[PDB]
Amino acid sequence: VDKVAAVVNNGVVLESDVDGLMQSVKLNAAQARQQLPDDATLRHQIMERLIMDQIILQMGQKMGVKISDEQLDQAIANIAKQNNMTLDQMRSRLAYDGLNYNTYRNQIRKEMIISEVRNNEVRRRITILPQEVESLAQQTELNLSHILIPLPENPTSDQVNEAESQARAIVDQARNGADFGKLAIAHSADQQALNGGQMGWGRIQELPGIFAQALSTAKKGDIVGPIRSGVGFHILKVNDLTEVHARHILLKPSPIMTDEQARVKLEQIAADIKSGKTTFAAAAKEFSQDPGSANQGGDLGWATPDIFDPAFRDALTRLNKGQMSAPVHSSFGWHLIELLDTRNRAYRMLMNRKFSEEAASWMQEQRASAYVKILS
């Protein structure tokens, strides 16, 4: 006898489903020392989340979205890795905790089709204005929580004021010390609402410009006034605030040349170079072994010390720019080392900013233009 909490188009939101999410938030809230608003408000947000997951889920069904066990495993695997364990290592923990593995996979699957559908649809909707990318192209990390008071695409004065009033009021209590994460859980409409509205740390530059402005002067602990956007009013709380170029001429010992046979050549090669008799690049193209530098006058392009054998790296260490080393023995053999020199995003940036916005906007529409009933 699993009651229905709400009907959502071609389906329902089960009383059980509501409980699970409720408990998830409850525990996670506790295991983090976070105040939760009264179970009344809480249920509401949970519902809103469930109803939405339902809508975008059915959507996935219609447009035939399937997730192969092969991909599923990879996902679970990632959750395992994201949590310091191997698939078995996590599968057991789950077993130990009492969970039926398939039941779990099935949950991760639902999460995956929703993630997919949301991404795919927002894609088929994001809009790129003429010359926008080329325009952006041509032209102190922060940690903050976020609260969104939703507003339709083309709202009414009435709607805008309700929203603004609501937002202002929240900004008030925010400043009078009220628990911001509590408020987020109670009024934020963004994805992160249930999670205290935490965005985490990020570059002030990866944030929409509509915020970049106010967060430049932003001091730790500050509440950034209700910023208006296409999705509604935003409220943020400022929670917290050598390579080397070298070239070497190499000699590798084998059958004919012994370690001394070779070292003696390198002594001569070194002697003729310094005397001007021949040049280093010439000598290298004439003697060096390592193809991939040998005919390149011995050049080894730029690189990092580490990729070099321990004997070699240590050689560079005692060399002066332009200086030539004495012969050096390494795992590869004997070689003359000459030290030359020693030197010590934005588009994805845009894409992600455009995506969050659009995704909000989308769900905004979906939730509105959807058949949903809430039973008692």
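Quick note: we count residues from 1 along the sequence shown, nothing fancier.
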When you step from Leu241 to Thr242 in this entry, do you jump over none, 1 to 3, 4 to 9, or 10 or more residues of the deposited sequence that have no coordinates? 4 to 9
For the stretch from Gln139 to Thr140, please bin the deposited residues that the model skips: none, 1 to 3, 4 to 9, or 10 or more. 4 to 9
Would you determine, from the values in the PDB entry, which of 160-168 and 211-219 has the greater average C-alpha temperature factor? 211-219
Between 89-97 and 297-305 (mean CA B-factor, as deposited), the higher: 297-305
Given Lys252, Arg125, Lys81, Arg109, identify the residue with the highest C-alpha B factor in the PDB entry. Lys252
Whose CA atom has the top B-factor in the entry, of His234, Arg118, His187, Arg203? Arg203
Within this chain, which third does the Cα B-factor at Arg345 fall in: lowest, middle or highest? highest
Modelled-residue ranking by C-alpha temperature factor, third containing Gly225: highest
Is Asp73 in the lowest, middle or highest third of its chain when residues are ranked by C-alpha B-factor? highest
Divide the modelled residues of the chain into thirds by Cα B-factor and specify which third, lowest, middle or highest, holds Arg318. highest
By its CA B factor, does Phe280 count among the lowest, middle or highest third of the modelled residues in the chain? highest
